[PDB]
Amino acid sequence: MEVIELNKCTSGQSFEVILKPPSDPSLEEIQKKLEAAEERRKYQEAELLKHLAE
Amino acid sequence: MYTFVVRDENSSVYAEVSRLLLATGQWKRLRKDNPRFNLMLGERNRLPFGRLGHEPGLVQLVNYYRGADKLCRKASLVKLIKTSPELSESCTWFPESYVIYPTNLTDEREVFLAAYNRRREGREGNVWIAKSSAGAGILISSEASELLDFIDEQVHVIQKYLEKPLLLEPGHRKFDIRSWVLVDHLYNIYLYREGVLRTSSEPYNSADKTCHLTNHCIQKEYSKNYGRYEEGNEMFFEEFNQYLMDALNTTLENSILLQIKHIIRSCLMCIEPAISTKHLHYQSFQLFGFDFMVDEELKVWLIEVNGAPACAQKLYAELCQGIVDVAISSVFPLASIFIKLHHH
Amino acid sequence: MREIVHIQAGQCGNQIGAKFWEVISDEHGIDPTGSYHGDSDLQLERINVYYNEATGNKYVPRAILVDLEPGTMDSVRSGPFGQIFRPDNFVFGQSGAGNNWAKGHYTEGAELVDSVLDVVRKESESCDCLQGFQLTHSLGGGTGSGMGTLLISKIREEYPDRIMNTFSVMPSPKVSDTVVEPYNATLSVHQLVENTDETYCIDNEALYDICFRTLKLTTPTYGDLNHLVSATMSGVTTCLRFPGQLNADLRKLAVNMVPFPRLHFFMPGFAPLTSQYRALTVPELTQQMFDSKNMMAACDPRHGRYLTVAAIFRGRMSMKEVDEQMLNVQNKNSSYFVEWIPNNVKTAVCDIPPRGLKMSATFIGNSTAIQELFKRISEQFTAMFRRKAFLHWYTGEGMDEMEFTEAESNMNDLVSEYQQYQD
Amino acid sequence: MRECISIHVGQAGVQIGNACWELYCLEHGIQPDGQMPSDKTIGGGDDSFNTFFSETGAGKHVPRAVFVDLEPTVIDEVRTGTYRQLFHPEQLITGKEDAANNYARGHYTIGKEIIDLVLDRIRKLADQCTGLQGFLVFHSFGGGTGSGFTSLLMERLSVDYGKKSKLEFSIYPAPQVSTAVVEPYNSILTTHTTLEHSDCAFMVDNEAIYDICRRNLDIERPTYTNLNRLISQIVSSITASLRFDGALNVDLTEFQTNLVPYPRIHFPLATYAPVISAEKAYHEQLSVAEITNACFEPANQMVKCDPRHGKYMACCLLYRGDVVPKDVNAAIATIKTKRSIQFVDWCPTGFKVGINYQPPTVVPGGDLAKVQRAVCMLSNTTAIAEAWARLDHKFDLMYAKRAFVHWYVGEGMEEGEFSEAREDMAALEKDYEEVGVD
Ligand SMILES: Nc1nc2c(ncn2[C@@H]2O[C@H](COP(=O)(O)OP(=O)(O)OP(=O)(O)O)[C@@H](O)[C@H]2O)c(=O)[nH]1
Ligand SMILES: Nc1ncnc2c1ncn2[C@@H]1O[C@H](COP(=O)(O)OP(=O)(O)CP(=O)(O)O)[C@@H](O)[C@H]1O
Ligand SMILES: Nc1nc2c(ncn2[C@@H]2O[C@H](COP(=O)(O)OP(=O)(O)O)[C@@H](O)[C@H]2O)c(=O)[nH]1
Ligand SMILES: COc1cc(S(=O)(=O)Oc2ccc3[nH]c(C)cc3c2)cc(OC)c1OC
Ligand SMILES: [Ca+2]
Ligand SMILES: [Ca+2]
Ligand SMILES: [Ca+2]
Ligand SMILES: [Mg+2]
Ligand SMILES: [Mg+2]
Ligand SMILES: [Mg+2]
């Protein structure tokens, strides 16, 4: 049981009590996968229109 | 109408319980993977406690207590009693045990050697026994070098073998008292009024491991006198109480059962703050099997606790009905055989 | 504003569609002239979903009336709410489809479909955010069956990112006009499998049985059958037409109700069945709602399993009690719901009840038992097609036997797909 | 003074953020028109509350917040609400059609059309910061916008603000108050793509909040307003250190330092006490020991789980009200004997404690009674992995039949992204087990 680092001020106070010691991708890579999804989306819509055209 | 699922096909106890629930006409059994259930008869290994008590408008009950493995495993039971202040290492009703890790693999290897060497110098009996949770592999040796070399060949424990056990006069054999304990969702400790004695069929010899291990399976294979004295090498309480009154001038309730009820309460009250489900989002009950051994001074010793016990053939009808009455129907009402061990 | 364009094709589609507009105009306080005369402002919060506001605070349905005959649409224009529809939105022919799918889809309807799409385009252009289209039609005739599916196919080509929704009336020998209804239905079903997001399967066999067995009507008329359709259509559009904390739209319904794109045929149900002064309790509404006798698809739910369920309760009631009864149904009959779609039952409550009822409940179920309906249609189709009976009515319009064989195969495949998810 | 920007995405983020800023104004004495009488430095100042509020020349205190939703209905309530005068229209961003509970529709299709606009509006607030700490992101796991667009936003924020922390307040899906059957799909997808971008995430399970409202507040059917007002109290306790003078968790970096030893294990479990119904005339004001003990009761946690069956890595005690350090230490010694608090061997068994003298503020006429002392505990427990296991099991049930997958593929997603997102979750459960082994 030990209280350490007691800081006080007007709005409150804080402290630490110890009980036992111990024993990113770039913007390019984002847009590549984003536009890849829009490409598959556009491919799937083209196939639908091709099916509808038939 | 209530719902329950089955996830332990090998459970001979809850196979009868599931039959009784369907026999009442107010319990419907579902598929093992259906989430909309009121009761779960879960499996032994890796029970999904994290998924229980999350269905809206469904009071869910499970037949196991999460965290009860600390009392039903060899290494954890010894570690529990030593560390728990309630039980303490000065516990008088538990044989002196030590946790031993294999050399191939904390550990208490040197601690076991210290107490062993004292007994040799003190002219006292220095017989010990080694076993583990992976048993059917048990070695009973008087020399410490034999036990440690056998463990090296999982986690094992070594405790003091009862060199002077209580032997029934008509046969000079060793018995093994099994008591069934049911703890419900309210953590009431119910002890079944009926117990069994897995007696041996061979005379105990101080100098072989047939007259030393009183298991029902071992006494059926290694022993040929199976059923010579009592049927199935299983003596019930009514017969064993009479023998005490005729050969020892005492009763089972006073000489033995008082200590048994004390050991049951002490173990279960110790782990109550860790497994209690009073404020939890789901409830738990569980049947336990306690194994005891009595010495010549009529003192009861605790061997181990079973989380998935098997009842005696005669007592299946009465015990499994009692499980439904006080553990299942108490939470799910429909349209005594226990001794309540009161506590705080 | 999430607007919906309504289209009604054929005799059945227009008669059922006209009743639908008659029912919901009353619920929103819109008189046959088109003026609002209600009390609650909740009647106008989402009035734009089905109505266009004209000059002088006039509300005109966003409806398009299509037929190859002038007869039924003349009845609608002379009906109770006939003066509410746009005169421009009456697109009709003169020859008719003759209860022939080929005439509606290939020969006679082809001559009229382009003019219909101009009205569809005119309505869609004036929408702030068009969410999709809903079509009312039967599958056993020629116009609503043949031309309706042609319209759906062409609408999808021009609006591929919009929701296609249909109220499709299935034929039945109990209420039958021609023997070639299984031919028309099987041809239409294949179209609906590919080109609709949600189809409310309204079975005339179910409607007849409800009128006969339940409502105790010896000789049910089409008006009696259409009364059940009006109650169902009002119920299944309650979340669209009235405000709630769900922000219901057609796309959200499709996403949650349809786990596999081809299995989008819903079983509608309604309670209480009406043709009357006693109020109905919440437990009674829930029990009747899941009862097979209140289903509009003539299928036994206990013969299959529910993939997804959407339930709508209407009236002033205890939402706490509604959740009690809905959970009771699921936890009781859990064997009739799939265990691999968690929380597959959705409940919404609307305070405004329908006209003449204090309490009502509407059921929308995607059950695999709907395969019985397609099995029934398929069996009636095969019995004639194996002998090529009445095929000359279709081959004379340019069709080939192979197209019927493909439709039969797609029909049986749909049954196979519904069957595999029942185990 | 170092500023913080709050970002509210989707319906849950906007409405919860609406409740939070309502509570912030009450706590700081800011009126619904942005006027703060207690503020003496007009148009400037580097005080503690300026980390969340900027000041105009006219003395109006404007939140440093951005509200984003792909549908206009929810944010229109903010535009016509009591605190409409707080924000300016640049902060409120709306689309026309929502994501329809589809992660792909909010991430790839509709999110891609609005991601640049949102970043621009965020940059408009970032340029008004002398030193920006990072972002507080409010969103739901279940919603298409709350899951799909947040993950896209978090990816871009890590690129444009790579040196800034990002904290999450995430609404875990619950059937009691739910909106979609595909929420398990969205929850797994958004956690996989945000795991490497979020420094610390506070999960709030709607099941826990629902039960607390029913149990403690005696609410028959809790509404979103009831849930959000309770949630804002937890959020206020967590962010009270950023908005008031203090020394514990004074900046966003300190949340990761004090609560996140392993970067992937950044989901602290929050427990709050006491929750007292205002309908009661006068309830017994609980003591410091009583509210501290309640922190170890599962019924008061924001995620239903069992901390007894899980090792601790860190623990914070954030008290608000009449609390002195002597009481806290006395309570802790009592609790350590009765409760089973097992830390990991590689961490010190200890408690970081912060006390704010100002008692918790409640909405006038609300359901939460005013109390003289409250505590919010932030404990990084491995027991929170139960929530991931529940979520992953529901994911596995639907995905075994590929149910509803076609809706995501139709927006450009690949079926392999589901398995990739799921395998990451399997690894996350493995990491939790490796730390909580006995
Ligand atoms: N606590 C709380 N949870 C909410 C609130 N609103 C929605 N949710 C939860 O959020 C989940 C759905 O996410 P939403 O925020 O509603 O959806 P969204 O982010 O707007 O995305 P869309 O699908 O485009 O509507 C559901 O599981 C709800 O339980 C709220 O106000 N408070
Ligand atoms: N310390 C000891 N002294 C004397 N006998 C002992 C002993 N420890 C074990 N035994 C004997 O060995 C037998 C088997 O030990 P134990 O009870 O651990 O076996 P097990 O784990 O197979 C029982 P269960 O079938 O309940 O799991 C006991 O029944 C008892 O006869
Ligand atoms: N429920 C209902 N079914 C109808 C109605 N009119 C026709 N039907 C059914 O629809 C089929 C006839 O289709 P019909 O609408 O007359 O063909 P169309 O006008 O050429 O599109 C038959 O199976 C009838 O049972 C109606 O008003 N209500
Ligand atoms: C337009 O019709 C409706 C739309 C909606 S929805 O927009 O909220 O979609 C959802 C959302 C979550 C869901 N969960 C399940 C199992 C289905 C489901 C549907 C709800 C309805 O009633 C419940 C409707 O009926 C009138
Ligand atoms: Ca012509
Ligand atoms: Ca200032
Ligand atoms: Ca980062
Ligand atoms: Mg044994
Ligand atoms: Mg006709
Ligand atoms: Mg939304």
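Positions are assigned from 1 on a per-chain basis following the written sequence, which can diverge from the numbering of the entry; residues without coordinates are not listed. As a convention, the first chain written is A and the first ligand written is 1, with the rest following in written order. The structure shown is incomplete relative to its larger assembly, and all values pertain to the part shown. Heavy atoms from the whole structure form the basis of all side-chain values; hydrogens and water molecules are not counted.

This entry, as listed in the PDB, derives from X-ray crystallography and reports a resolution of 2.57 Å.

J.: Any chance you could explain the domain arrangement of chain D here in plain terms?
T.: Interface size is commonly expressed as the accessible surface area that is lost when the partners come together. Residues and elements named next belong to chain D. Here the limits of each domain have been adopted from an automatic or database domain assignment. As assigned here, chain D comprises domain 1 (1-268), domain 2 (269-383) and domain 3 (384-438). Inter-centroid distance (C-alpha atoms) of domain 1 to domain 2 is 23 Å. The contact rule is simple, with two residues in contact once any of their heavy atoms fall within 4.5 Å. Taken residue by residue, the interface counts 41 residues in domain 1 and 35 residues in domain 2. In short, buried area is how much 1.4 Å probe accessible area vanishes from two parts on joining, totalled over both. Taking both partners together, domain 1 and domain 2 bury about 3300 Å²; carbon and sulfur atoms supply 65% of that area. Within this document, salt bridges are pairs made up of a side-chain nitrogen of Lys or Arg and a carboxyl oxygen of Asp or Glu, the two lying within 4 Å of each other. Applying the counting criterion to the domain 1 and domain 2 interface returns three salt bridges. A salt bridge links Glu27 to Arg320; the shortest N-O distance between them is 3.1 Å. Whenever a nitrogen or oxygen atom comes within 3.5 Å of another N or O atom, the pair is scored as a polar contact, on the condition that within protein one atom can donate a hydrogen and the other can accept it, and that pairs from neighbouring residues in sequence are kept only if both atoms are in side chains. At the boundary of domain 1 and domain 2, one finds nine residue pairs in polar contact. Those elements that provide at least two residues to the side of domain 1 that touches domain 2 are α1 (10-28), β8 (200-205), α7 (206-215), α8 (224-243) and α9 (252-259). Top element by residues in the side of domain 1 that touches domain 2 is α8. It accounts for 10 residues. Taken together, the residues of the side of domain 1 that touches domain 2 break down into 24 nonpolar, seven polar and 10 charged. Counting from the N terminus, the helices are the DSSP runs of H or I reaching at least four residues and the strands are the DSSP runs of E reaching at least two. Throughout this entry, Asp, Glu, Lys and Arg are counted as charged residues, while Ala, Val, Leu, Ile, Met, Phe, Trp, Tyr, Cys and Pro are counted as nonpolar. The remaining residues, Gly among them, count as polar.

J.: Which parts of the structure should I look at to understand the arrangement of the chains?
T.: Sorting the five pairs of chains in contact by contact count puts chains A and D at the top. If you take every C-alpha in chain A and every C-alpha in chain B, the smallest gap between them is 13 Å, and the two do not touch.

J.: Can you walk me through the sheet that holds strand β9 (residues 269-273) of chain D in this structure?
T.: Backbone-to-backbone hydrogen bonds join strands into a sheet, with any given pair of strands oriented parallel or antiparallel. Two strands qualify as a pair provided that DSSP identifies no fewer than 2 bridges between them. Read across the sheet, six strands follow the order β1(A)-β2(A)-β11(D)-β10(D)-β12(D)-β9(D) without closing on themselves; strand pairing throughout is mixed. Among the strands making up the open sheet, the edge pair consists of β1 (2-8) of chain A together with β9 of chain D. Taken over all neighbouring pairs, the strand axes of this sheet differ in orientation by 15 degrees on average, direction set aside. Note on method: axes are straight lines fitted to C-alpha atoms, helices fitted across the in-contact stretch only, with angles between N-to-C directions ranging 0 to 180 degrees.

J.: Which parts of the structure should I look at to understand the side chain of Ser234 of chain C?
T.: Residues and elements named next belong to chain C. By secondary structure assignment, the location of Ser234 is in helix α8 (residues 222-236). A distance of 3.1 Å separates a polar atom in the side chain of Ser234 from a polar atom in the side chain of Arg314. Apart from the residues lying within four places of it in its own chain, the contact partners of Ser234 are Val23, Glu27, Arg241 and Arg314.

J.: Help me understand the site of ligand 1 in this model?
T.: Residues and elements named next belong to chain D. Throughout, the term near means that a residue has one or more heavy atoms lying within 4 Å of the molecule or strand in question. Neighbouring ligand 1 are 25 residues, the closest being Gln15, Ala99, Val177, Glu183 and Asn228. At 2.8 Å from an oxygen atom of ligand 1 is found a main-chain nitrogen or oxygen belonging to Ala99. In this structure, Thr145 approaches ligand 1 through a side-chain N or O atom, which is 2.8 Å from an oxygen atom. Relative to its unbound accessible area of 640 Å², ligand 1 is 98% covered by the protein chains. Taken together, the elements giving at least two residues each to the shell around ligand 1 come down to α1, α5 (144-160) and α8. With five residues, α1 is the single largest residue contributor to the shell around ligand 1. Here the shell around ligand 1 is built from residues that sort into eight nonpolar, 14 polar and three charged. The Shrake-Rupley method, run with a 1.4 Å probe sphere, supplies the accessible areas, and residue values consider only the shown protein chains as cover.

J.: In this structure, what is going on with the interface of chain A and chain D? I would like to understand it.
T.: Counting residues at the interface gives 32 residues for chain A and 40 residues for chain D. Taken over both partners, the interface formed by chain A and chain D buries close to 3000 Å², and the fraction arising from carbon and sulfur atoms is 58%. Interface area lost by chain A to chain D is led by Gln13, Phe15 and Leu34 of chain A, which between them contribute 20%. Taken together, the links from chain A to chain D amount to three salt bridges. The closest approach of N and O atoms between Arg40 of chain A and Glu414 of chain D, which form a salt bridge, is 2.7 Å. Linking chain A to chain D there are 16 residue pairs in polar contact. For the side of chain A that touches chain D, the secondary structure elements donating two or more residues are β1, β2 (12-20) and α1 (27-53) of chain A.

J.: I tried to follow unusual backbone geometry on my own but got confused; where do I start?
T.: As a rule of thumb, non-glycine residues mostly have phi less than zero, and peptide bonds are mostly trans rather than cis. In this chain, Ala271 of chain C is followed by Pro272 of chain C through a cis amide linkage whose omega measures 0 degrees. Here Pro272 of chain C lies in the loop between β9 (265-271) and α11 (282-290). The omega torsion across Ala273 of chain D and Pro274 of chain D is 0 degrees, close enough to zero to call that bond cis. With respect to the helices, strands and loops of the structure, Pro274 of chain D is situated in the loop between β9 and α10 (288-294). Although it is not a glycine, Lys388 of chain C adopts a positive phi angle of roughly 55 degrees. Of note, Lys388 of chain C is situated in the loop between α13 (371-385) and α14 (392-395).

J.: In this structure, what is going on with the pattern of salt bridges? I would like to understand it.
T.: A side chain with one charge may pair with a side chain of the opposite charge, provided their charged atoms come close. Under the criterion given, the structure shown has 66 salt bridges over all chains. Between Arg7 of chain B and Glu43 of chain B there is a salt bridge, with the nearest N and O atoms lying 2.8 Å from each other. Here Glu43 of chain B lies in the loop between β3 (39-41) and β4 (61-62) and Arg7 of chain B lies in the loop between β1 (2-6) and α1 (12-23), a separation of 36 residues in the sequence. Several salt bridges share partner residues, and in doing so they unite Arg2, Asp161 and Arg162 of chain C together with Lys96, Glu97, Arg105 and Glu411 of chain D into one network.

J.: How should I be thinking about the UniProt feature "active site" in chain D in this particular structure?
T.: All names here are of chain D. Sites flagged by UniProt as "active site" map to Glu254. Mapped onto the elements, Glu254 comes out in helix α9. Among all residues touching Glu254, those that are not within four sequence positions of it are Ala247, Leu248 and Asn249. Side-chain polar atoms of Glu254 contact the backbone nitrogen of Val250, separated by 2.9 Å. UniProt positions are given in the numbering used here, feature names are shortened, and annotations may be inferred rather than shown by experiment.

J.: Is there a simple way to explain the nonpolar core in this structure?
T.: In summary, soluble globular proteins display a tendency toward joint burial of nonpolar side chains. Among the nonpolar cores identified, the biggest contains 197 residues, and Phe374 of chain C together with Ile122, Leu153, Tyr185 and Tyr408 of chain D are the most heavily contacted of them. When sequence neighbours within four positions are dropped, the list of residues in contact with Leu153 of chain D reads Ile7, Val9, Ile115, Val118, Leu119 and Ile122 of chain D. Counting 62 residues, the second largest nonpolar core, distinct from the first, contains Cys25, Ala65, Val235 and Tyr272 of chain D. Nine residue types can take part in a nonpolar core, namely buried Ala, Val, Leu, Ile, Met, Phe, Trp, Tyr and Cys, and a core is a set of them joined through side-chain atoms within 4.5 Å. Burial classes: relative accessible area under 20% of the type maximum marks a residue as buried, over 50% as exposed, and values in between as partly exposed (1.4 Å probe, protein chains only).

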